[PDB]
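Novice: Residue numbers (this note's numbering), protein chains in the order written: chain A, 25 to 217; chain B, 25 to 217.
Take a look at the following structure, please.
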Ligand SMILES: O=C(NCc1ccoc1)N1CCCC1
Ligand SMILES: O=C(NCc1ccoc1)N1CCCC1
């Protein structure tokens, strides 16, 4: 039960490395998972629902990793603390590039994919703004822009720049340089007067 | 000749304020431009080509405005100089939100729209990096990140953040706050040690 479902998910993630969702059929997912077409429809209403679940799992993996960090501060300087946090997203989405690229494309068409992304982006921006606020309250960061507006632009920068790097878009920061590039802009814009 | 073409372009831009390209027909564009369907096909091969031309005009308007600025430096401080430059894009794309949103959606499907965007982004990043390099050569900015990598992330930040603000996405920086938000992050990341 959970086995056939996992099989369908694993097939979809494998097939998405090679072609987009449009070029993958329900019959394709069923065949890869070793089931018939009506059996597929018993676990998922559509191939698009399969992508939704894959993206949901990726998003929650990142969110849980970030929650772990939040409850277990690394013992290091401020620059390293922001790096560890951005690194959650570099590693989690960068470990699932095909789901990330397909999930990105699906935002234009799927209201469920758009709302899932939007919900978690609001959560990650709120967390970012809360940490900035904490840093200002402690006297470590200057009161410049509204924390929440700053947090919004920096998280949108990371969304676009990470996902261009993973897709090898032209232009993009090389994937081996993107973490350092992002950490620099976050630290200078959060702490710079 | 140029009149019927302009009429088709003006109709497409008006209709795109209300619905996406998918919900607009060649018959719709022809009717709005006061021509028949085969007459339309004489000026444009497809509705998608109409969007390509609209986006091409918007992109070149911005590029030309930025080239004007480049040849006519505003007499003001560094923070204001970057603001005037980002403002080219805030004003040009923000004056054409329907074309901007439709052009964005079309990158996923149209190789011509994807290549047009990519060509100009490479040009604007190269210009950004050249100005950063000039500022370092003069001793006004510190040698921190590779100028071109920094320029790439900052232009990708502006792409995503401006276009979220114009579309009223959730999350987004309000359009009345986005210019100041972006200028802050550019100046602190370019000049911050
Ligand atoms: O790197 C990111 N955010 C960094 C972050 C958020 C909270 O703490 C660090 N993102 C947000 C969405 C996709 C990439
Ligand atoms: O604001 C931007 N760039 C700012 C810029 C580029 C060159 O000088 C200022 N962009 C680049 C693409 C869409 C938005």
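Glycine included, C-beta positions come from ideal geometry on N, C-alpha and C.
Am I right that residue 54 (chain A) and residue 64 (chain A) are in contact with their C-beta atoms under 8 Å? What's the rounded C-beta distance?
Specialist: Sequence index remark: in the first chain, residue 54 (chain A) carries index 30 (1-based). Sequence index remark: in the first chain, residue 64 (chain A) carries index 40 (1-based). Contact between residue 54 (chain A) and residue 64 (chain A) holds: CB atoms are separated by about 4 Å, below the 8 Å threshold.
Novice: Give the DSSP-derived three-state secondary structure of residue 194 (chain B) in the structure shown.
Specialist: Numbered from its first residue, the second chain carries residue 194 (chain B) at position 170. The answer is coil: DSSP assigns residue 194 (chain B) none of H, G, I, E or B.
Novice: Can you round the beta-carbon distance between residue 207 (chain B) and residue 103 (chain B) to whole angstroms, since I take them to be within the 8 Å contact cut?
Specialist: On the second chain, position 183 is the one that residue 207 (chain B) refers to. On the second chain, position 79 is the one that residue 103 (chain B) refers to. About 7 Å; that satisfies the 8 Å criterion.
Novice: Taking 6 Å as the line, does the beta carbon of residue 111 (chain B) fall inside it for any heavy atom of ligand 2?
Specialist: The count along the second chain starts at 1 and reaches residue 111 (chain B) at position 87. Not so, every heavy atom of ligand 2 lies at least 6 Å from the Cβ.
Novice: Measure the alpha-carbon distance for residue 108 (chain A) versus residue 119 (chain A) and round it to whole angstroms.
Specialist: Sequence index remark: in the first chain, residue 108 (chain A) carries index 84 (1-based). Sequence index remark: in the first chain, residue 119 (chain A) carries index 95 (1-based). For residue 108 (chain A) and residue 119 (chain A), the distance between alpha carbons rounds to 16 Å.
Novice: Can you have a look at residue 184 (chain A) and say buried or exposed, based on whether 16 or more other CB atoms are within 10 angstroms of its CB?
Specialist: Position 160 of the first chain, counted from the first residue, corresponds to residue 184 (chain A). Burial call: buried.
Novice: Mind checking which residues open and close the alpha helix (DSSP H) that includes residue 47 (chain A)?
Specialist: Within the first chain, the letter at position 23 stands for residue 47 (chain A). Residue 47 (chain A) -> no alpha helix (DSSP H), and no H or E assigned at all.
Novice: Quick check: is any heavy atom of ligand 2 less than 6 Å from the C-beta of residue 183 (chain B)?
Specialist: In the second chain, residue 183 (chain B) corresponds to position 159, counting from 1. Checking every heavy atom of ligand 2 against the Cβ of residue 183 (chain B), one is found closer than 6 Å.
Novice: Under the three-state reduction of DSSP, which class applies to residue 101 (chain A): helix, strand or coil?
Specialist: Locating residue 101 (chain A) in the first chain gives position 77, where the first residue counts as 1. DSSP places residue 101 (chain A) in coil when its eight states are reduced to three.
Novice: Applying the criterion that 16 or more other CB atoms from any shown protein chain within 10 Å of the CB defines a buried residue, is residue 243 (chain A) buried or exposed?
Specialist: With chain A running from 25 to 217 in the structure shown, residue 243 (chain A) is simply not present.
Novice: Ends of the alpha helix (DSSP H) at residue 213 (chain A)?
Specialist: As a first step, residue 213 (chain A) is located in the first chain; it is residue number 189 there, counting from the start. Element bounds for residue 213 (chain A): 199-215.
Novice: Please go through the same chain and pick out, in chain order, the residues whose beta-carbon is closer than 7 Å to the beta-carbon of residue 47 (chain A), but skip the five residues on each side of it.
Specialist: Mapped onto the first chain, residue 47 (chain A) falls at position 23. Shown here for residue 47 (chain A): not one same chain residue has a beta carbon closer than 7 Å to its own, the five before and five after excluded.
Novice: Could one say the Cβ of residue 213 (chain A) lies closer than 7 Å to chain B's Cβ atoms, at least one of them?
Specialist: Within the first chain, numbered from 1, the residue matching residue 213 (chain A) stands at position 189. Closer than 7 Å to some Cβ of chain B, the Cβ of residue 213 (chain A) qualifies, so yes.
Novice: Consult DSSP for residue 59 (chain A) and reduce its assignment to one of helix, strand or coil.
Specialist: Here residue 59 (chain A) refers to the residue found at position 35 of the first chain. DSSP places residue 59 (chain A) in coil when its eight states are reduced to three.
Novice: At a CB-CB cut-off below 7 Å, which residues of chain B make contact with residue 145 (chain A)?
Specialist: Here residue 145 (chain A) refers to the residue found at position 121 when the first chain is read from its first residue. Here the neighbours are 195.
Novice: In chain order, what residues of the same chain lie with their CB nearer than 6 Å to the CB of residue 165 (chain A), ignoring the 5 residues before and after it?
Specialist: Against the first chain, residue 165 (chain A) aligns to sequence position 141. Contacts found: 159, 214, 215.
Novice: Given a cut-off of 7 Å, decide if residue 153 (chain A) and residue 171 (chain A) are closer than it, judged by their beta-carbon atoms.
Specialist: Walking along the first chain from the start, residue 171 (chain A) turns up at place 147. Walking along the first chain from the start, residue 153 (chain A) turns up at place 129. Residue 171 (chain A) places its beta carbon less than 7 Å from that of residue 153 (chain A).
Novice: Does DSSP classify residue 164 (chain A) as helix, strand or coil?
Specialist: On the first chain, position 140 is the one that residue 164 (chain A) refers to. Three-state DSSP puts residue 164 (chain A) in coil, outside helix and strand.
Novice: Tell whether a beta-carbon distance below 7 Å holds between residue 205 (chain B) and residue 29 (chain A).
Specialist: Within the second chain, numbered from 1, the residue matching residue 205 (chain B) stands at position 181. Within the first chain, numbered from 1, the residue matching residue 29 (chain A) stands at position 5. No; because the gap between Cβ atoms is not below 7 Å, this pair is not in contact.
Novice: Where do the ends of the alpha helix (DSSP H) carrying residue 96 (chain A) lie?
Specialist: Here residue 96 (chain A) is taken as the residue at index 72 of the first chain, counted from 1. Careful: residue 96 (chain A) lies outside any alpha helix (DSSP H) and carries neither H nor E.
Novice: For residue 51 (chain A) and residue 137 (chain B), what's the separation of their Cα atoms in angstroms?
Specialist: Position 27 of the first chain, counted from the first residue, corresponds to residue 51 (chain A). Position 113 of the second chain, counted from the first residue, corresponds to residue 137 (chain B). Residue 51 (chain A) and residue 137 (chain B): Cα-Cα distance of roughly 32 Å.
Novice: List the whole-angstrom C-beta distance separating residue 126 (chain B) from residue 198 (chain B), where the pair is believed to meet the contact cut-off of C-beta under 8 Å.
Specialist: Position 102 of the second chain, counted from the start, is the residue given in the question as residue 126 (chain B). Position 174 of the second chain, counted from the start, is the residue given in the question as residue 198 (chain B). 22 Å between Cβ atoms; not a contact.
Novice: So which residues of chain A does residue 142 (chain B) contact, with C-beta pairs closer than 9 Å?
Specialist: By 1-based counting over the second chain, the position of residue 142 (chain B) is 118. 193, 194, 195, listed in chain order.
Novice: On the DSSP letters alone, give me the boundaries of the alpha helix (DSSP H) that residue 39 (chain B) sits inside.
Specialist: Within the second chain, the letter at position 15 stands for residue 39 (chain B). Run containing residue 39 (chain B): 26-42, per the alpha helix (DSSP H) assignment.
Novice: Where are the alpha helix (DSSP H) runs, 4 residues long or more, that stay fully inside the region 109-183 of chain B, in chain order?
Specialist: Qualifying alpha helix (DSSP H) stretches, in chain order: 121-130, 135-161.
Novice: Compare the C-beta of residue 173 (chain A) with all C-beta atoms of chain B and state if any pair is closer than 7 Å.
Specialist: For the purposes of this step, residue 173 (chain A) is taken as residue 149 along the first chain, with counting starting at 1. At least one chain B Cβ lies under 7 Å of residue 173 (chain A).
Novice: According to the neighbour-count rule (16 or more other Cβ atoms, all chains shown, within 10 Å of its Cβ), is residue 117 (chain A) buried or exposed?
Specialist: On the first chain, position 93 is the one that residue 117 (chain A) refers to. With 16 or more other Cβ atoms within 10 Å, it is buried.
Novice: Consider the C-beta atom of residue 133 (chain A) and the heavy atoms of ligand 2; say whether any pair is separated by less than 6 Å.
Specialist: By 1-based counting over the first chain, the position of residue 133 (chain A) is 109. No.
Novice: Got a sec: which bits of the region 99-129 of chain A sit with their beta carbon under 8 Å from any beta carbon on chain B, in order along the chain?
Specialist: 129
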